[PDB]
Amino acid sequence: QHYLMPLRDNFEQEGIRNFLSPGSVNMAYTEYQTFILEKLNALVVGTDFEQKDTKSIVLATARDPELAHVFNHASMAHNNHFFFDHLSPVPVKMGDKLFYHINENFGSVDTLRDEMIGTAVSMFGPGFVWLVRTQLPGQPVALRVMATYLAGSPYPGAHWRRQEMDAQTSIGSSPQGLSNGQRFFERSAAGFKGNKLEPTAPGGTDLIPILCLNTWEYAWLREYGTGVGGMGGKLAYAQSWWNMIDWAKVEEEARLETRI
Amino acid sequence: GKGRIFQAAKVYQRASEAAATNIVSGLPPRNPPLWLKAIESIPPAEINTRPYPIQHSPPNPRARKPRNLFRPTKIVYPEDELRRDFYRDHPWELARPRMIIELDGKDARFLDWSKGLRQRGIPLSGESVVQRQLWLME
Amino acid sequence: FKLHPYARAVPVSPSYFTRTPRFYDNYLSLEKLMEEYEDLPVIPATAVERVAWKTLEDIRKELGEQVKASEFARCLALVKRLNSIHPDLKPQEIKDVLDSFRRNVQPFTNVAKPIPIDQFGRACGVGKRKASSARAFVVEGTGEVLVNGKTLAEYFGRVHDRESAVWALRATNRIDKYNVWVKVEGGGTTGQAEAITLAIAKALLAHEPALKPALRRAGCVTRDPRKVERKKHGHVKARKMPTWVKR
Amino acid sequence: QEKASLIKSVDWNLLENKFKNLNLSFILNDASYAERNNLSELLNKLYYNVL
Amino acid sequence: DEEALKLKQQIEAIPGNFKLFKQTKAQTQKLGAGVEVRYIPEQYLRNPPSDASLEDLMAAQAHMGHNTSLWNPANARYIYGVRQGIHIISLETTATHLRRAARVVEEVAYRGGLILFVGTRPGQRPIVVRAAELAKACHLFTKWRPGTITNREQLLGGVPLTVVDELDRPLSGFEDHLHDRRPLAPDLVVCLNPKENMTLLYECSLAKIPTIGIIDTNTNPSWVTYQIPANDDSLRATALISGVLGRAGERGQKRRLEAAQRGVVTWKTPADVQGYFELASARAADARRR
RNA sequence: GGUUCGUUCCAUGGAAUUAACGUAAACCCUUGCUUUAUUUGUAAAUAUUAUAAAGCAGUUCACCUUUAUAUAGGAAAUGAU
Ligand SMILES: [K+]
Ligand SMILES: [K+]
Ligand SMILES: [Mg+2]
Ligand SMILES: [Mg+2]
Ligand SMILES: [Mg+2]
Ligand SMILES: [Mg+2]
């Protein structure tokens with residue numbers, strides 16, 4: 001069965017300094033990751049996914065419509081742990097290599113800050129904001145910001161559930177609305193018939209998530225309160241998060257090829 | 001008797017006798033096979049003896065000249081009657097694939113049917129209802 | 001100098017009691033490499049350089065064992081599998097073991113010398129039959145044919161033989177394009193006629209090599225090897241037997 | 001091995017195949033080796049010389 | 001058409017993306033949660049257990065006998081009952097007999113004996129080869145040639161041997177012996193499917209060679225010296241039994257080589273080599289005077 | 001049990017592993033080609049008949065079909081030769 005694993009630096013015991021109280025991280029990871037794994041176990045208790053890993057269940061249950069409920073619990077457990085696994089007990093100084101690509105791609109580290117934080121609030125819904133690394137066979141490494149919805153995964157092997165654009169406020173009769181609507185059916189029709197829209201490289205090496213931001217309410221509603229009056233809330237939660245990012249590890253997983 | 005004479009149970013007795021003395025009378029015997037001392041104290045087990053097999057069900061008391069006394073008996077549990085009742089009321093429950101392949105044989109260590117139908121390690125199946133039923137019924 | 005007090009004979013190879021010790025030792029080594037380098041990527045068979053692997057006979061002689069065709073057929077599927085590994089990622093261990101399965105046999109080359117054309121534009125072709133041999137000198141001309149100095153009609157008193165002697169020119173419709181000066185020897189009327197057929201055909205191909213597909217379907221390129229069978233003792237002829245008296 | 005046949009393959013070590021043009025005016029005329037002019041230098045490469 | 005060029009780029013990109021694919025794999029593969037892996041098909045070969053428990057034997061399907069009609073009534077002593085139309089082999093009986101066979105394999109290896117693991121069924125080659133490797137024994141995964149023991153001079157005439165000391169070090173000076181010597185016969189035979197090769201087991205009976213076998217509900221238990229009542233048709237039960245006996249041989253070889261380092265040999269020179277020493281000194285004794 | 005011109009080859013057997021002879025291979029004549037030699041044979045000749053020493057060549061390649069996936073077979077004046 002799938003069991004809960006400890007956190008990075010005993011966050012469950014002490015928690016982050018000025019980002020999450022030990023009681024909040026307890027309700028956010030222990031009392032929730034355990035709840036998700038209990039449901040995940042019941043769904044794979046007697047199937048081939050019984051001994052498979054979370055990410056393996058994600059890629060294997062991405063397109064199958066009869067396993068969408070299994071994808072949620074598997075993808076949620078993977079995304080949730082991916083969030084806490086990149087937090088540092090003490091602020092870290094951004095490396096030189098990473099500090100270069102961020103400025104070359106987004107213009108400035110402060111610009112990337114507002115883009116991710118701005119996307120978290122602009123999304124108005126529980127999800128995850130990713131910092132993806134895209135590198136086509138001919139093009140160089142390029143960093144962008146991808147925002148997934150409730151349990152969507154950023155990996156290319158699970159593009160079937162790359163839930164990054166709501167349909168209730170993005171598909172309409174307006175000029176931009178019709179464009180989104182066309183792309184909607186173009187994906188559903190292409191995916192259904194098996195055709196691929198964007199050619200990808202083998203092994204899903206195109207997109208490599210490096211950083212994540214969990215915007216679900218169970219992670220900040222208790223600590224930063226609702227947010228009425230401009231104090232705390234989902235806004236301050238995203239701001240304080242930006243200070244505890246493990247830029248040392250973020251740069252590592254990025255694997256920015258040295259060319260300077 | 002088409003079968004051949006297998007003396008596999010007497011390899012040690014036969015080999016130890018052939019090694020006791022030397023074929024050239026008047027000389028000490030040569031060294032025996034290397035396996036002779038290995039199984040010196042591990043004799044074979046008795047074979048071909050027909051015992052009274054385990055009686056999984058009470059034998060017929062009214063029988064005066066019973067036959068098939070040395071025949072293994074059928075294993076039957078109180079759940080067999082229950083499984084047949086459930087799966088006959090829910091035939092399409094057999095269409096749900098079930099994995100009878102064992103992982104480590106330690107499934108029954110985490111089964112406490114006093115809680116409910118959802119246990120650890122096993123899926124929610126017609127077997128859970130039979131085990132839960134048997135617990136309540138006892 | 002004295003021998004060691006404790007000594008016992010031990011088999012060298014673990015496949016001592018098997019049918020073919022040397023073969024299985026080499027086959028199990030492949031099973032170990034495949035199981036170790038199975039994760040490495042491969043290349044589609046279309047982009048795999050073709051290799052001439054050894055045959056079941058080359059292995060029997062090399063290993064001195066009576067290897068089975070079925071057991072070797074599956075040993076050949078491994079080398080083809082391991083060969084499909086990417087060259088750059090292929091380890092040196094697999095590169096060496098695979099070189100021992102290559103078949104470096106070269107067939108003998110025997111290419112015929114092309115018929116030249118004399119400075120005066122005449123090519124000589126040679127044909128043969130039962131006992132005759134012909135030499136035809138084909139030259140650009142109007143269609144005059146000579147056989148041993150005599151004309152085609154003064155030599156062959158049978159129109160069937162005349163048409164067969166120059167059948168190559170007739171089939172290709174070039175009787176009026178070349179002059180032939182044949183010189184035959186030995187054989188008979190039909191033997192010499194069919195000998196000139198092959199002679200002119202060869203000489204004609206020296207001028208227009210693109211006519212061989214046509215001379216094929218005309219039957220002027222093939223050399224007929226039929227020959228009189230000798231007389232055999234106990235027989236009246238090559239095969240005729242004397243009268244056998246039962247009583 | 002005794003009852004095993006032999007596959008016919010060109011033996012490039014045979015003196016007939018190693019030199020397809022047997023004229024010394026071509027072999028000794030700086031064909032492959034650098035300045036093997038002396039006919040003896042050529043023969044010593046082919047045969048075993050006791051001297 | 002240059003359509004093949006871009007395909008070449010694919011063959012050229014394999015070394016690149018492969019290295020990148022393997023790196024990213026070690027990063028985000030085991031993040032979500034830990035998994036309790038209780039069974040892996042390759043576990044009986046990669047890391048066989050030293051001893052088999054009732055749960056290991058039942059999970060490996062060692063208790064499933066044949067149809068009740070296709071039974072040798074002689075081996076009704078190991079049958080626990082009847083269910084699903086087959087005979088169920090008692091799990092306690094299989095465990096006891098397996099621990100006993102393991103002792104036999106360990107002692108024969110401890111006394112420097114030659115063992116032979118024999119599994120001829122299709123999917124038994126990886127199992128037998130792995131077991132022989134652990135025990136430093138011989139393997140056989142193809143059809144046994146009738147007469148390889150009773151007629152070993154014909155079948156094993158040209159197969160090379162070697163003479164070794166207590167530390168398995170090859171000894172020099174036995175060239176004349178190894179050329180004029182009778183081929184070797186196994187000191188112990190572990191057969192994983194007795195029902196299919198009775199020619200091998202009958203030659204062991206004639207040659208006075210102890211044997212171990214997996215006796216299924218339809219197999220004759222009189223063919224081997226030490227029986228292991230168990231299902232011989234399952235590659236999962238055959239791998240467990242074979243792996244347990246392989247650990248037994250390995251554990252016996254370790255003790256033999258440890259005692260040798262202390263100068264204690266657990267065996268005596270065989271009679272074959274023993275006689276060579278006698279006539280060898282005679283040739284030295286002959287030249288002693290001359 | 002298949003297969004082969006063939007106890008040939010493959011698979012298989014609760015008994016096989018091998019040896020000799022025949023078989024086969026090879027040899028002699030014959031067929032195509034390569035090199036060598038040129039009189040007493042060759043019209044001439046920048047070498048092509050003949051003469052005769054050695055070497056190479058086939059069921060080889062292509063096509064079609066193909067069992068148990070082990071060993072193959074067929075087509076015959078209109079694939080090559
Ligand atoms: K005649
Ligand atoms: K000639
Ligand atoms: Mg069986
Ligand atoms: Mg036979
Ligand atoms: Mg003959
Ligand atoms: Mg003359």
# chains A, B, ... in the order shown; residues from 1 in each chain; ligands from 1
$ residues_near_ligand --ligand "ligand 1" --cutoff "8 Å" --atoms "only C-alpha atoms (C1' of nucleotides) and all ligand atoms" --output "VMD selection string"
chain C and resid 228 to 229 237 to 238
$ write_last_selection --atoms "N, CA and C atoms" --output "short mmCIF file (atom, residue, chain, number, x, y, z; two decimals), in the first residue's frame"
data_model
loop_
_atom_site.label_atom_id
_atom_site.label_comp_id
_atom_site.auth_asym_id
_atom_site.auth_seq_id
_atom_site.Cartn_x
_atom_site.Cartn_y
_atom_site.Cartn_z
N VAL C 228 26.46 -35.66 -77.79
CA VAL C 228 26.26 -37.08 -78.04
C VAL C 228 26.84 -37.89 -76.89
N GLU C 229 26.04 -38.81 -76.36
CA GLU C 229 26.51 -39.70 -75.30
C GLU C 229 27.38 -40.80 -75.89
N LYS C 237 24.23 -49.16 -78.09
CA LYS C 237 24.52 -47.75 -78.29
C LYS C 237 24.67 -47.11 -76.91
N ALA C 238 24.59 -45.78 -76.86
CA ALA C 238 24.67 -45.08 -75.58
C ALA C 238 23.74 -45.69 -74.54
#
$ residues_near_ligand --ligand "ligand 3" --cutoff "8 Å" --atoms "only C-alpha atoms (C1' of nucleotides) and all ligand atoms" --output "compact mmCIF listing (two decimals) with N, CA, C and O atoms, in the first residue's frame"
# COMPACT_ATOMS: atom_id res chain seq x y z
N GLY E 65 -1.61 -29.20 -6.07
CA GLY E 65 -1.33 -30.46 -6.73
C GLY E 65 -2.12 -30.60 -8.02
O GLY E 65 -2.78 -29.67 -8.49
N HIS E 66 -2.06 -31.80 -8.58
CA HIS E 66 -2.74 -32.08 -9.83
C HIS E 66 -4.20 -32.45 -9.57
O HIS E 66 -4.65 -32.58 -8.43
N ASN E 193 12.09 -31.36 -11.77
CA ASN E 193 10.94 -31.98 -12.42
C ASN E 193 11.21 -33.47 -12.61
O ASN E 193 11.46 -33.94 -13.73
N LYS E 195 9.27 -35.96 -12.73
CA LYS E 195 8.30 -36.67 -13.55
C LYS E 195 8.73 -36.74 -15.01
O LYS E 195 8.38 -37.68 -15.72
N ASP E 216 5.48 -33.94 -7.18
CA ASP E 216 4.11 -33.47 -7.31
C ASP E 216 3.14 -34.63 -7.05
O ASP E 216 3.54 -35.79 -6.92
N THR E 217 1.85 -34.30 -6.98
CA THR E 217 0.85 -35.28 -6.59
C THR E 217 0.82 -36.50 -7.51
O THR E 217 0.33 -37.55 -7.10
N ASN E 218 1.34 -36.38 -8.73
CA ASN E 218 1.34 -37.49 -9.68
C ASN E 218 2.72 -38.11 -9.87
O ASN E 218 2.85 -39.05 -10.65
N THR E 219 3.74 -37.61 -9.17
CA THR E 219 5.09 -38.12 -9.32
C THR E 219 5.35 -39.24 -8.33
O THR E 219 4.84 -39.24 -7.20
N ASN E 231 4.26 -28.26 -5.74
CA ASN E 231 3.85 -28.07 -7.13
C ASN E 231 5.08 -27.81 -7.99
O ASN E 231 5.78 -26.81 -7.80
N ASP E 232 5.34 -28.70 -8.94
CA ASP E 232 6.47 -28.56 -9.85
C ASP E 232 6.10 -27.88 -11.16
O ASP E 232 6.98 -27.68 -12.00
N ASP E 233 4.83 -27.52 -11.35
CA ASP E 233 4.39 -26.89 -12.58
C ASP E 233 4.42 -25.37 -12.51
O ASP E 233 4.20 -24.71 -13.54
$ select_by_dssp --residues "chain D" --states "helix (DSSP H, G or I)" --output "ChimeraX atom specification"
/D:15-18,24-27,39-46
$ residues_near_ligand --ligand "ligand 5" --cutoff "9 Å" --atoms "only C-alpha atoms (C1' of nucleotides) and all ligand atoms" --output "list in words"
residues 22, 23, 24, 25 and 26 of chain F
$ residues_around --residues "residue A:24" --least-positions-apart "2" --cutoff "12 Å" --atoms "only C-alpha atoms (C1' of nucleotides)" --output "ChimeraX atom specification"
/A:11-16,18-22,26-32,217-225
$ interface_residues --of "chain F" --to "chain E" --cutoff "8 Å" --atoms "only C-alpha atoms (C1' of nucleotides)" --output "PDB file with C-alpha atoms (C1' of nucleotides), in the first residue's frame"
ATOM      1  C1'   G F  14      10.523 -43.637 -19.379  1.00  0.00           C
ATOM      2  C1'   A F  15      17.819 -44.763 -23.416  1.00  0.00           C
ATOM      3  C1'   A F  16      20.934 -43.704 -25.879  1.00  0.00           C
ATOM      4  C1'   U F  17      26.360 -42.249 -27.260  1.00  0.00           C
ATOM      5  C1'   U F  18      29.563 -43.437 -31.143  1.00  0.00           C
TER       6        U F  18
END
$ residues_around --residues "residue E:43" --least-positions-apart "2" --cutoff "10 Å" --atoms "only C-alpha atoms (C1' of nucleotides)" --output "compact mmCIF listing (two decimals) with C-alpha atoms, in the first residue's frame"
# COMPACT_ATOMS: atom_id res chain seq x y z
CA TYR E 39 6.32 -9.00 -4.43
CA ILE E 40 8.57 -8.69 -7.48
CA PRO E 41 8.71 -11.51 -10.07
CA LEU E 45 16.58 -14.83 -8.60
CA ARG E 46 18.03 -11.46 -7.58
CA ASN E 47 17.80 -12.23 -3.84
CA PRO E 48 16.48 -15.71 -3.04
CA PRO E 49 15.56 -16.35 0.60
CA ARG E 236 7.24 -19.30 -8.91
CA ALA E 239 12.28 -20.60 -8.28
CA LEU E 240 11.72 -20.46 -4.52
CA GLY E 243 16.75 -20.46 -4.67
$ residues_near_ligand --ligand "ligand 6" --cutoff "12 Å" --atoms "only C-alpha atoms (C1' of nucleotides) and all ligand atoms" --output "number ranges by chain"
F: 38-42
$ closest_residue --among "B:17, B:72, B:49, B:115" --to "residue E:88" --atoms "only C-alpha atoms"
B:72
$ closest_residue --among "E:34, E:113, E:246, E:157" --to "chain B" --atoms "only C-alpha atoms"
E:113
$ residues_near_ligand --ligand "ligand 2" --cutoff "12 Å" --atoms "only C-alpha atoms (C1' of nucleotides) and all ligand atoms" --output "ChimeraX atom specification"
/C:126,128,133 /F:32-37,47-53
$ residues_around --residues "stretch 39-50 of chain D" --least-positions-apart "4" --cutoff "10 Å" --atoms "only C-alpha atoms (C1' of nucleotides)" --output "NGL selection string"
:D and (13-15 or 18 or 24 or 27-28 or 33 or 35)
$ atom_distance --atom1 "atom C1' of residue F:3" --atom2 "atom CA of residue C:67"
19.7 Å
$ residues_around --residues "stretch 123-134 of chain B" --least-positions-apart "4" --cutoff "9 Å" --atoms "only C-alpha atoms (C1' of nucleotides)" --output "PyMOL selection string"
(chain A and resi 42-47) or (chain B and resi 78-79+82-83+86-87+90+93-94+96+98+113-119+138)
$ residues_around --residues "stretch 48-63 of chain C" --least-positions-apart "2" --cutoff "8 Å" --atoms "only C-alpha atoms (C1' of nucleotides)" --output "VMD selection string"
(chain C and resid 22 to 23 43 to 46 65 to 67 69 72 84 101 to 104) or (chain D and resid 1 4)
$ interface_residues --of "chain D" --to "chain C" --cutoff "10 Å" --atoms "only C-alpha atoms" --output "list in words"
residues 1, 2, 3, 4, 5, 6, 7, 8, 9, 10 and 11 of chain D
$ interface_residues --of "chain B" --to "chain F" --cutoff "12 Å" --atoms "only C-alpha atoms (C1' of nucleotides)" --output "ChimeraX atom specification"
/B:2-4
$ interface_residues --of "chain B" --to "chain E" --cutoff "9 Å" --atoms "only C-alpha atoms" --output "compact mmCIF listing (two decimals) with N, CA, C and O atoms, in the first residue's frame"
# COMPACT_ATOMS: atom_id res chain seq x y z
N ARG B 4 10.73 -50.07 -13.07
CA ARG B 4 12.08 -50.48 -12.73
C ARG B 4 12.30 -50.40 -11.23
O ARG B 4 11.53 -49.79 -10.49
N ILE B 5 13.38 -51.04 -10.78
CA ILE B 5 13.70 -51.13 -9.36
C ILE B 5 14.50 -49.88 -9.00
O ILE B 5 15.69 -49.78 -9.30
N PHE B 6 13.84 -48.93 -8.35
CA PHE B 6 14.50 -47.72 -7.87
C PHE B 6 14.95 -47.93 -6.43
O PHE B 6 14.12 -48.16 -5.54
N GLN B 7 16.26 -47.86 -6.20
CA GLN B 7 16.85 -47.99 -4.88
C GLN B 7 17.42 -46.66 -4.41
O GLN B 7 18.47 -46.60 -3.76
N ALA B 8 16.74 -45.56 -4.74
CA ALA B 8 17.23 -44.24 -4.37
C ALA B 8 17.24 -44.04 -2.87
O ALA B 8 18.07 -43.29 -2.35
N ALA B 9 16.34 -44.71 -2.15
CA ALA B 9 16.28 -44.58 -0.70
C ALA B 9 17.39 -45.33 0.02
O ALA B 9 17.53 -45.19 1.23
N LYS B 10 18.19 -46.12 -0.70
CA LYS B 10 19.24 -46.94 -0.10
C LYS B 10 20.61 -46.64 -0.71
O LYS B 10 21.48 -47.51 -0.72
N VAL B 11 20.81 -45.42 -1.20
CA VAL B 11 22.11 -45.08 -1.77
C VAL B 11 23.18 -45.09 -0.68
O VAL B 11 24.31 -45.54 -0.90
N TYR B 12 22.84 -44.60 0.52
CA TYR B 12 23.82 -44.55 1.59
C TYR B 12 24.17 -45.96 2.08
O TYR B 12 25.35 -46.30 2.24
N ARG B 14 23.91 -48.77 0.48
CA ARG B 14 24.66 -49.48 -0.55
C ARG B 14 26.06 -48.91 -0.71
O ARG B 14 27.03 -49.66 -0.88
N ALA B 15 26.19 -47.58 -0.67
CA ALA B 15 27.50 -46.96 -0.85
C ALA B 15 28.40 -47.20 0.36
O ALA B 15 29.61 -47.39 0.20
N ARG B 30 39.92 -47.67 0.29
CA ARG B 30 40.19 -46.33 -0.20
C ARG B 30 39.21 -45.34 0.44
O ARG B 30 38.30 -45.71 1.18
N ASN B 31 39.42 -44.07 0.14
CA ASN B 31 38.54 -43.04 0.68
C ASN B 31 37.16 -43.15 0.04
O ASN B 31 37.05 -43.38 -1.17
N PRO B 32 36.09 -42.99 0.81
CA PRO B 32 34.74 -43.15 0.25
C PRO B 32 34.34 -41.94 -0.57
O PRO B 32 35.09 -40.95 -0.64
N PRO B 33 33.16 -41.97 -1.20
CA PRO B 33 32.67 -40.77 -1.88
C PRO B 33 32.56 -39.60 -0.92
O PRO B 33 32.41 -39.77 0.29
N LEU B 34 32.65 -38.39 -1.48
CA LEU B 34 32.62 -37.19 -0.65
C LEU B 34 31.25 -36.93 -0.04
O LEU B 34 31.16 -36.24 0.97
N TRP B 35 30.19 -37.48 -0.63
CA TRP B 35 28.84 -37.28 -0.12
C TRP B 35 28.47 -38.26 0.99
O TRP B 35 27.43 -38.07 1.63
N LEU B 36 29.29 -39.28 1.23
CA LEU B 36 28.91 -40.31 2.19
C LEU B 36 28.82 -39.75 3.61
O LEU B 36 27.88 -40.05 4.34
N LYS B 37 29.80 -38.93 4.01
CA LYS B 37 29.78 -38.34 5.34
C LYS B 37 28.84 -37.15 5.44
O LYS B 37 28.48 -36.75 6.55
N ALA B 38 28.44 -36.56 4.31
CA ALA B 38 27.56 -35.40 4.35
C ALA B 38 26.18 -35.78 4.85
O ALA B 38 25.62 -35.12 5.73
N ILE B 39 25.60 -36.84 4.29
CA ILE B 39 24.27 -37.30 4.68
C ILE B 39 24.35 -38.45 5.68
O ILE B 39 23.40 -39.22 5.81
N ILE B 42 21.46 -37.94 8.06
CA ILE B 42 20.22 -37.42 7.48
C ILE B 42 19.56 -38.54 6.70
O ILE B 42 19.60 -38.54 5.46
N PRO B 43 18.95 -39.52 7.36
CA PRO B 43 18.37 -40.65 6.65
C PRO B 43 17.15 -40.22 5.85
O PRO B 43 16.54 -39.18 6.14
N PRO B 44 16.76 -40.99 4.83
CA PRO B 44 15.55 -40.65 4.07
C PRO B 44 14.31 -40.76 4.94
O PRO B 44 14.32 -41.34 6.03
N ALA B 45 13.22 -40.19 4.44
CA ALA B 45 11.93 -40.27 5.10
C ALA B 45 11.14 -41.45 4.56
O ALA B 45 11.32 -41.88 3.42
N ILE B 47 8.34 -43.54 2.87
CA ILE B 47 7.50 -43.28 1.71
C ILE B 47 6.57 -44.47 1.50
O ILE B 47 6.77 -45.55 2.06
N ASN B 48 5.55 -44.25 0.68
CA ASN B 48 4.61 -45.26 0.20
C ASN B 48 3.67 -45.78 1.28
O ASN B 48 2.78 -46.57 0.97
N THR B 49 3.83 -45.36 2.53
CA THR B 49 2.93 -45.80 3.59
C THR B 49 1.65 -44.98 3.54
O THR B 49 1.69 -43.75 3.46
N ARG B 50 0.51 -45.67 3.58
CA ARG B 50 -0.78 -45.02 3.46
C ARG B 50 -1.34 -44.75 4.85
O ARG B 50 -1.74 -45.70 5.53
N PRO B 51 -1.38 -43.50 5.31
CA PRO B 51 -1.96 -43.22 6.63
C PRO B 51 -3.44 -42.86 6.53
O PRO B 51 -4.00 -42.71 5.44
N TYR B 52 -4.06 -42.74 7.69
CA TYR B 52 -5.44 -42.28 7.76
C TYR B 52 -5.46 -40.78 7.53
O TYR B 52 -4.99 -40.01 8.38
N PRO B 53 -5.99 -40.31 6.39
CA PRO B 53 -5.88 -38.88 6.07
C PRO B 53 -6.74 -38.03 7.00
O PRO B 53 -7.65 -38.50 7.68
N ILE B 54 -6.42 -36.73 7.01
CA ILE B 54 -7.17 -35.78 7.82
C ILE B 54 -8.62 -35.77 7.37
O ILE B 54 -8.91 -35.72 6.16
N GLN B 55 -9.53 -35.80 8.33
CA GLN B 55 -10.97 -35.80 8.05
C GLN B 55 -11.48 -34.38 8.20
O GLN B 55 -11.73 -33.91 9.32
N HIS B 56 -11.63 -33.68 7.08
CA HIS B 56 -12.14 -32.32 7.11
C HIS B 56 -13.63 -32.27 7.40
O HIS B 56 -14.14 -31.21 7.78
N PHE B 70 -8.38 -44.53 3.05
CA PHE B 70 -7.09 -43.91 2.80
C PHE B 70 -7.15 -42.88 1.67
O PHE B 70 -6.16 -42.65 0.98
N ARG B 71 -8.31 -42.26 1.48
CA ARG B 71 -8.52 -41.28 0.42
C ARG B 71 -8.63 -39.89 1.03
O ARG B 71 -9.46 -39.69 1.93
N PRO B 72 -7.85 -38.91 0.57
CA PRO B 72 -8.01 -37.55 1.09
C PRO B 72 -9.43 -37.05 0.92
O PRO B 72 -10.12 -37.39 -0.04
N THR B 73 -9.87 -36.23 1.87
CA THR B 73 -11.24 -35.74 1.91
C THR B 73 -11.31 -34.29 1.46
O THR B 73 -10.31 -33.56 1.45
N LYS B 74 -12.51 -33.87 1.08
CA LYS B 74 -12.72 -32.53 0.56
C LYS B 74 -12.67 -31.50 1.67
O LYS B 74 -13.20 -31.71 2.76
N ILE B 75 -12.02 -30.37 1.39
CA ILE B 75 -11.94 -29.26 2.33
C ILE B 75 -13.16 -28.38 2.12
O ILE B 75 -13.40 -27.88 1.02
N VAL B 76 -13.94 -28.19 3.19
CA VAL B 76 -15.14 -27.37 3.15
C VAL B 76 -15.15 -26.48 4.38
O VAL B 76 -14.83 -26.92 5.49
N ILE B 101 -3.70 -13.91 -7.54
CA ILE B 101 -2.25 -14.05 -7.40
C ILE B 101 -1.83 -13.50 -6.05
O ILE B 101 -2.18 -12.38 -5.68
N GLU B 102 -1.08 -14.30 -5.30
CA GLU B 102 -0.60 -13.89 -4.00
C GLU B 102 0.64 -13.02 -4.13
O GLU B 102 1.44 -13.17 -5.06
N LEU B 103 0.80 -12.09 -3.18
CA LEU B 103 1.99 -11.25 -3.11
C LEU B 103 3.00 -11.79 -2.10
O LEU B 103 4.15 -12.05 -2.45
N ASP B 104 2.57 -11.96 -0.85
CA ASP B 104 3.45 -12.54 0.17
C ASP B 104 2.70 -13.47 1.11
O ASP B 104 3.31 -13.95 2.08
N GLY B 105 1.43 -13.76 0.87
CA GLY B 105 0.68 -14.64 1.74
C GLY B 105 0.33 -14.06 3.09
O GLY B 105 -0.17 -14.79 3.95
N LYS B 106 0.57 -12.77 3.31
CA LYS B 106 0.33 -12.11 4.59
C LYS B 106 -0.91 -11.22 4.55
O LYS B 106 -0.95 -10.19 5.22
$ closest_residue --among "B:46, B:107, B:112, B:80" --to "chain A" --atoms "only C-alpha atoms"
B:107
